[PDB]
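Visitor: Take a look at the following structure, please.
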Amino acid sequence: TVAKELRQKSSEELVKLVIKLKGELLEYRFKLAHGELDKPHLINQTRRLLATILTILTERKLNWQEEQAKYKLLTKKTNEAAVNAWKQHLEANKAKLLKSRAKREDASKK
Amino acid sequence: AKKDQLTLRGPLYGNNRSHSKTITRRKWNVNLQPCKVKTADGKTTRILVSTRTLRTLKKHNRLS
Amino acid sequence: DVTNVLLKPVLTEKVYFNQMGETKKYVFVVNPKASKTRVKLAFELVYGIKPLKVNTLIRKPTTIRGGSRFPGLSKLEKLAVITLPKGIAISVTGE
Amino acid sequence: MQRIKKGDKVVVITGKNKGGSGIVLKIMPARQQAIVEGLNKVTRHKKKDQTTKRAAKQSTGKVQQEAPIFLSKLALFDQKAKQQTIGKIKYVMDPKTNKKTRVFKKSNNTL
RNA sequence: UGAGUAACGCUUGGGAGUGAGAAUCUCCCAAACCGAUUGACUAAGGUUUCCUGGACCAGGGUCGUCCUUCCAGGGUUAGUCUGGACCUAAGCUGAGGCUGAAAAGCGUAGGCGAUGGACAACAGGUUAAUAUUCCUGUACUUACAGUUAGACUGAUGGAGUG
RNA sequence: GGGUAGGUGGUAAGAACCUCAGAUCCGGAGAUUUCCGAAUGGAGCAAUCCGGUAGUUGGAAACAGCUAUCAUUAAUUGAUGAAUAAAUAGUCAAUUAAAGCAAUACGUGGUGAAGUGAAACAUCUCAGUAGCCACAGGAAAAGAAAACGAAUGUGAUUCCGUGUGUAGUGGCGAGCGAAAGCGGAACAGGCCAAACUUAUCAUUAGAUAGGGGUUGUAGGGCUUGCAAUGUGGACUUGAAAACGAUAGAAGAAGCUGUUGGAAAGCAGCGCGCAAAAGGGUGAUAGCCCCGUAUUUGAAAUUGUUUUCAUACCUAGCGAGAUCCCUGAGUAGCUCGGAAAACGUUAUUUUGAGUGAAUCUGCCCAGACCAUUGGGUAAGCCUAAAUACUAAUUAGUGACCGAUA
Ligand SMILES: [Mg+2]
Ligand SMILES: [Mg+2]
Ligand SMILES: [Mg+2]
Ligand SMILES: [Mg+2]
Ligand SMILES: [Mg+2]
Ligand SMILES: [Mg+2]
Ligand SMILES: [Mg+2]
Ligand SMILES: [Mg+2]
Ligand SMILES: [Mg+2]
Ligand SMILES: [Mg+2]
Ligand SMILES: [Mg+2]
Ligand SMILES: [Mg+2]
Ligand SMILES: [Mg+2]
Ligand SMILES: [Mg+2]
Ligand SMILES: [Mg+2]
Ligand SMILES: [Mg+2]
Ligand SMILES: [Mg+2]
Ligand SMILES: [Mg+2]
Ligand SMILES: [Mg+2]
Ligand SMILES: [Mg+2]
Ligand SMILES: [Mg+2]
Ligand SMILES: [Mg+2]
Ligand SMILES: [Mg+2]
Ligand SMILES: [Mg+2]
Ligand SMILES: [Mg+2]
Ligand SMILES: [Mg+2]
Ligand SMILES: [Mg+2]
Ligand SMILES: [Mg+2]
Ligand SMILES: [Mg+2]
Ligand SMILES: [Mg+2]
Ligand SMILES: [Mg+2]
Ligand SMILES: [Mg+2]
Ligand SMILES: [Mg+2]
Ligand SMILES: [Mg+2]
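Following this line, the structure appears as structure tokens:
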């Protein structure tokens with residue numbers, strides 16, 4: 002039944018499905034580890050659908066990681082706060098670095 | 002091993018019978034001797050063969 | 002890459018003591034065969050903020066339920082302590 | 001197919017309860033049992049346990065429920081016949097739908 | 001049966017408290033022994049015996065509310081520490097090869113093998129349990145890329161040192 | 001494919017789901033198959049550590065992901081190439097196989113004891129047993145007479161009964177013990193070398209690839225004719241059919257009363273049977289249930305047999321010539337051992353030495369010679385009857401029933 006529907010799907014759409022279900026599986030396991038999973042069966046359903054998609058994808062001589070490595074889309078959103086924190090941290094590091102060499106230099110000059 | 006290189010004939014194990022018919026296991030070894038056999042004017046390997054095989058080679062004009 | 006090396010976050014007294022006060026330290030359990038560099042890459046590909054450094058713990062298996070009719074051993078755990086830079090604190094649940 | 005299914009009316013032909021008509025609520029094929037409502041009423045002495053949000057109350061006194069009954073003691077009840085009786089069933093396959101259907105052998109009533 | 005007998009394997013008194021029950025548990029005050037050690041840090045080994053709460057089936061040569069016992073949860077953070085990614089000693093393995101009824105034994109080139117050689121981090125603080133590892137402060141070392149200035153660079157080999 | 005109305009493996013309740021677009025379950029065929037382990041990229045203290053190469057994706061590179069490959073030996077081929085001109089040794093690359101395990105069991109071969117018995121013990125026995133090792137196979141081994149053996153004889157091997165505890169062999173002591181013949185199980189015989197001839201190798205071939213040949217009442221080759229187009233194989237591919245194996249479908253016949261917690265027991269009156277094997281059901285059920293007898297059914301994989309065609313092999317009786325071929329360090333013999341029932345000996349085998357002949361030939365018939373007769377060594381392959389059961393299915397037991 003389900004295997005027929007996935008067979009109708011193309012290959013690229015199938016690899017999009019597998020990466021999305023991998024992400025959802027990670028989220029389900031994390032929520033379970035935080036005691037926030039009301040529906041504890043979706044983990045099993047996700048795994049079975051993941052296994053089925055792998056079977057259809059392995060009928061044809063195609064992998065799931067390499068095919069997605071060939072073409073993909075980059076990331077977004079998780080950039081602003083990251084660069085703010087990193088810019089602040091490297092600025093602080095350079096200030097400490099500048100202060101230390103100066104102290105040493107003026108000490109050696111004296 | 003103490004065996005021929007052309008054939009595979011090796012030692013012969015038997016009994017060492019003496020007076021009073023006392024039994025002691027003994028081994029007969031083949032008369033291994035070194036010989037050089039030419040082959041198409043080359044590769045004159047110093048093989049270790051028995052005297053029987055040496056006689057066979059001699060009567061065969063050194064053919065093996 | 003496959004992101005099977007981030008099994009489960011863990012919350013204890015030690016974890017919450019560290020997870021406060023400017024730099025946050027988040028402790029997860031990871032694949033025992035994974036390395037520090039793989040842990041940083043997984044956090045990059047699944048969270049988006051580069052860890053400042055990673056520390057690893059190996060907890061050896063030990064006997065549990067001793068004296069019970071059927072005794073059993075523990076499971077091998079590798080713990081990873083990620084520390085994000087100053088002023089950033091992301092949530093382990095909610096994406 | 002199976003002699004007894006979930007839903008059909010059934011009676012008991014042996015034991016203390018004779019002629020006990022009921023509806024089968026659940027069938028265990030592995031243990032060859034059958035839960036029939038209103039029959040085999042047992043009253044477990046319900047204790048009190050409090051270790052959960054629902055266990056904080058868990059009000060249970062002399063709750064009378066259903067005990068499972070061996071499938072051999074059960075017998076199908078006839079309804080189409082004007083004079084209802086207990087009999088055995090066949091497994092004829094009618095070519096109209098090619099599906100197996102139970103039919104009694106002391107009459108010609110389906111199911 | 002011996003027989004409720006021998007034995008219970010080097011260390012005292014009191015006050016307060018918990019508890020259904022206290023010579024044996026907790027706290028306090030003394031008292032007595034160790035003090036080139038019964039003190040402190042670690043190697044080997046042991047493998048959770050470590051910390052917290054609870055329990056007193058069993059174990060504890062008595063008792064027990066207590067335990068190194070049992071249950072539940074938690075605890076071990078390294079570029080610089082101890083070892084690999086570096087090197088060899090005794091010795092082991094050892095393609096070819098030699099020897100030997102067979103299994104195998106010996107052995108060259110290579111490869112392993114510390115109890116040795118080379119190699120960059122110190123002080124303080126923090127949790128019930130980790131700390132040259134976490135935090136603060138101040139440092140050092142090795143790689144890669146860009147850049148500035150100078151210089152011709154010079155090993156799988158030779159020599160010196162080690 | 002079968003098959004349904006339940007399912008989410010056991011100690012196991014509950015929570016939450018799945019399931020009539022056909023779930024769970026059973027059968028056939030596939031997919032995935034971490035690490036160690038023959039382990040085989042290198043190491044190593046097993047389930048660990050450290051990599052190289054060729055790709056591809058991020059990075060500004062180091063680097064990091066994702067793939068494939070990288071052991072040794074043997075054979076074949078190609079390239080390169082020392083001492084030393086050529087050439088080999090060696091080196092490299094590609095392809096194909098080998099490694100290991102287990103069935104506490106059967107087979108073959110090598111090696112091979114001792115306890116014990118002889119009332120001691122050394123010959124001998126134990127025993128070619130235990131053990132050790134190598135190689136397999138589904139069986140293995142053996143195998144088509146240079147044979148048995150005493151006759152108007154049998155006509156590969158193997159296994160069973162008898163011959164018989166016989167002939168014999170034994171410090172003639174303990175003991176050991178056939179080969180003929182007869183009765184049975186099964187039955188099968190094939191193929192190379194040499195002659196002769198063809199083609200090719202600096203044709204010094206003495207070598208390679210073909211035709212011809214496979215023997216004993218001798219065969220084959222040389223030359224010359226007749227009759228032959230078949231029968232049969234231990235044989236290749238296909239096609240078709242039949243019988244099965246791995247899930248299943250259908251499958252008859254009972255009520256009343258009594259003791260009893262409960263009937264199926266007991267009693268009354270019945271019924272079915274190609275089903276009266278068995279299991280469960282509140283006691284002891286042919287008719288309560290599942291089943292059994294019987295009739296049936298396979299999409300897929302697999303086994304046996306038969307038919308048709310198709311490869312390969314497979315064919316008789318004469319004449320003349322009097323010429324050629326018929327397995328050599330081989331058979332014998334000597335010196336030490338052994339196998340056969342035999343404690344070494346006619347027959348078989350071999351560590352050392354020596355060494356023949358060529359159908360008017362050679363070997364054998366228990367030393368040996370002659371006559372008579374039998375058979376063709378020094379080349380190979382061979383189904384069946386025979387040995388065993390770790391495992392799969394069905395079943396049985398005057399076998400056990402928690403010290404067995
Ligand atoms: Mg002896
Ligand atoms: Mg560490
Ligand atoms: Mg006594
Ligand atoms: Mg007493
Ligand atoms: Mg006394
Ligand atoms: Mg006394
Ligand atoms: Mg006393
Ligand atoms: Mg004491
Ligand atoms: Mg005392
Ligand atoms: Mg003192
Ligand atoms: Mg001390
Ligand atoms: Mg313990
Ligand atoms: Mg404690
Ligand atoms: Mg306590
Ligand atoms: Mg006590
Ligand atoms: Mg540091
Ligand atoms: Mg080393
Ligand atoms: Mg050291
Ligand atoms: Mg401490
Ligand atoms: Mg189906
Ligand atoms: Mg003896
Ligand atoms: Mg004796
Ligand atoms: Mg005696
Ligand atoms: Mg054979
Ligand atoms: Mg049926
Ligand atoms: Mg029936
Ligand atoms: Mg019965
Ligand atoms: Mg003779
Ligand atoms: Mg003998
Ligand atoms: Mg003759
Ligand atoms: Mg004679
Ligand atoms: Mg001949
Ligand atoms: Mg037992
Ligand atoms: Mg007992």
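Read top to bottom, the protein sequences are chains w, v, s and t.
Residue numbering for the first sequence follows the deposited numbering, beginning at 2 and increasing consecutively.
Residue numbering for the second sequence follows the deposited numbering, beginning at 2 and increasing consecutively.
Residue numbering for the third sequence follows the deposited numbering, beginning at 2 and increasing consecutively.
Residue numbering for the fourth sequence follows the deposited numbering, beginning at 1 and increasing consecutively.
The beta carbon of each residue, even a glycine, is placed where N, CA and C say it ideally should be.
1. Would you please verify whether the beta carbon of s:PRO72 is less than 8 angstroms from any beta carbon of chain w?
2. Which whole-angstrom value is the C-beta distance of t:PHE77 and t:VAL10, which I expect to be below 8 angstroms?
3. Taking only beta-carbon atoms, is w:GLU25 less than 8 angstroms away from chain s?
4. Enumerate in chain order the residues of its own chain whose CB-to-CB distance from t:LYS46 is below 8 angstroms, with the five nearest sequence positions on each side excluded.
5. Report the residue from s:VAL28, s:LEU7 and s:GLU78 whose alpha carbon sits nearest the alpha carbon of s:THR63.
6. Given s:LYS76, which residues of its chain have a CB within under 7 angstroms of its CB, disregarding the five upstream and five downstream residues?
7. Considering only residues of the same chain and omitting the five flanking positions on each side of s:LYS25, which have a CB-CB separation below 6 angstroms?
8. Below 7 angstroms CB to CB, which residues in the same chain sit around w:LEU43 once its five sequence neighbours on both sides are set aside?
9. Would you verify that the beta carbon of s:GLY67 is, or is not, closer than 8 angstroms to some beta carbon of chain w?
10. List, in order along the chain, the chain w residues whose C-beta lies closer than 7 angstroms to that of s:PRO86?
11. Against chain s, which members of the region 59–74 of chain w pass a CB distance test of less than 8 angstroms?
12. Flag s:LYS41 as yes if its beta-carbon sits less than 8 angstroms from any beta-carbon of chain w, otherwise no.
13. Within this structure, are the beta carbons of s:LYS54 and w:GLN89 separated by less than 8 angstroms?
14. For t:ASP94, does the count of other Cβ atoms within 10 angstroms reach 16, so buried, or fall short, so exposed?
15. May I have a chain-ordered list of the alpha helix (DSSP H) segments no shorter than 4 residues that lie completely inside the region 9–66 of chain s?
16. So, for w:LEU15: in the same chain, excluding its five sequence neighbours on each side, which residues have a beta-carbon less than 8 angstroms away from its beta-carbon?
17. Which complete alpha helix (DSSP H) runs does the region 10–92 of chain w hold, if anything under 4 residues is left out?
18. Work out the CA separation of s:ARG66 and w:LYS97 for me, nearest whole Å.
19. With a threshold of 8 angstroms between beta-carbons, can s:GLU96 be considered close to chain w, or not?
20. Is there at least one Cβ from chain s nearer than 8 angstroms to w:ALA83's Cβ?
21. For chain w, check one thing: does any of its Cβ atoms lie closer than 8 angstroms to the Cβ of s:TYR48?
22. Leaving out five residues before and five after s:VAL16 in sequence, what residues of the same chain have Cβ atoms less than 6 angstroms from its Cβ?
23. Just curious, the alpha helix (DSSP H) that t:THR97 is in, first and last residue?
24. What are the partner residues of v:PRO35, as DSSP defines its beta bridges?
25. If you drop the 5 nearest sequence neighbours on each side, which residues of the same chain put their C-beta closer than 6 angstroms to that of s:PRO33?
26. Threshold first: 4 residues or longer. Then list the alpha helix (DSSP H) segments lying entirely within the region 63–97 of chain t, N to C.
Guide: Let's see:
1. no
2. Sure, about 6 angstroms apart at Cβ, within 8 angstroms.
3. Closer than 8 angstroms to the CB of w:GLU25 there is not a single CB belonging to chain s.
4. Once the five neighbours on either side are set aside, the close Cβ partners of t:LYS46 are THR60, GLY61, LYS62 and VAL63.
5. s:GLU78
6. Correct list, in chain order: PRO62.
7. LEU85 and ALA90
8. Around w:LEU43: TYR29.
9. no
10. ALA86, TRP87 and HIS90
11. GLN66
12. No - not a single Cβ of chain w is within 8 angstroms of the one on s:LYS41.
13. no
14. With a threshold of 16 other beta carbon atoms within 10 Å, t:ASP94 falls short and is exposed.
15. 14–19 and 37–47
16. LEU7, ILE54, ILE57 and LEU58
17. Counting only runs of at least 4 residues, the region 10–92 of chain w fully encloses the following alpha helix (DSSP H) elements, listed from N- to C-terminal order: 12–34, 43–60 and 66–71.
18. Cα to Cα, the separation comes out at about 53 angstroms.
19. yes
20. yes
21. yes
22. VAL28
23. No alpha helix (DSSP H) holds t:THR97; DSSP gives it neither H nor E.
24. v:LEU49
25. The beta carbon of s:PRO33 sits closer than 6 angstroms to those of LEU77 and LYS79, all from its chain and outside the five residues before and after it, given in chain order.
26. If we require 4 residues or more, the region 63–97 of chain t turns out to have no alpha helix (DSSP H) run fully inside it.
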